[PDB]
């Protein structure tokens, strides 16, 4: 299966983010926006894995998920990847993700033991969309800059989820394979 580990947002942040997506629109650029139900914080893309590996991972996530207490985070600002001059991923950042950053590192090193490749510097983020090609660069850049410091709201990081993704014609469908609530 195709799988990944994620932290999900709440409705208010979700409503706020969709409206922001609608504001960015499709004039400055051709963008595949993430579906409302797929907006989350990716802790780690696992690529193709077996049901059997899926289980090993669950047991590790549970021993890690309990070592961290639930906290509130704030979704703020719009960032672009790779560069402001080479824009492909439009994303919303997180106001203080050190605890989230620390979780990601512990998940990364633990799964590395199983033969999993590590990843680039982790930046806690919620991808809002991906640019297929730019139409009007001045427009996009100015549109995005007006959202540089936007405060979209906050939610409570309360669980860690292992998910399965299935690619369908126009959209990837996600399925929660397991959820591990954090401590208190």
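Positions refer to the first chain, counted from 1.
Higher mean CA temperature factor, per the PDB entry, when comparing 38-46 with 143-151: 143-151.
Per-stretch averaging of Cα B factors for 172-180 and 8-16 places 172-180 on top. Within the group 69, 58, 132, 125, the record's highest C-alpha temperature factor is found at 69. Remark: residue 167 belongs to the highest third of its chain, ranked by C-alpha B-factor as recorded. Sorting the modelled residues of the chain by their CA temperature factor places residue 82 in the highest third.
In this PDB entry, the Cα temperature factor of residue 75 sits in the bottom third of its chain's modelled residues, the lowest group. Residue-level temperature factors show residue 100 in the middle third of its chain, judged at the C-alpha atom.
The PDB entry assigns residue 92 a C-alpha temperature factor belonging to the lowest third of its chain's modelled residues.
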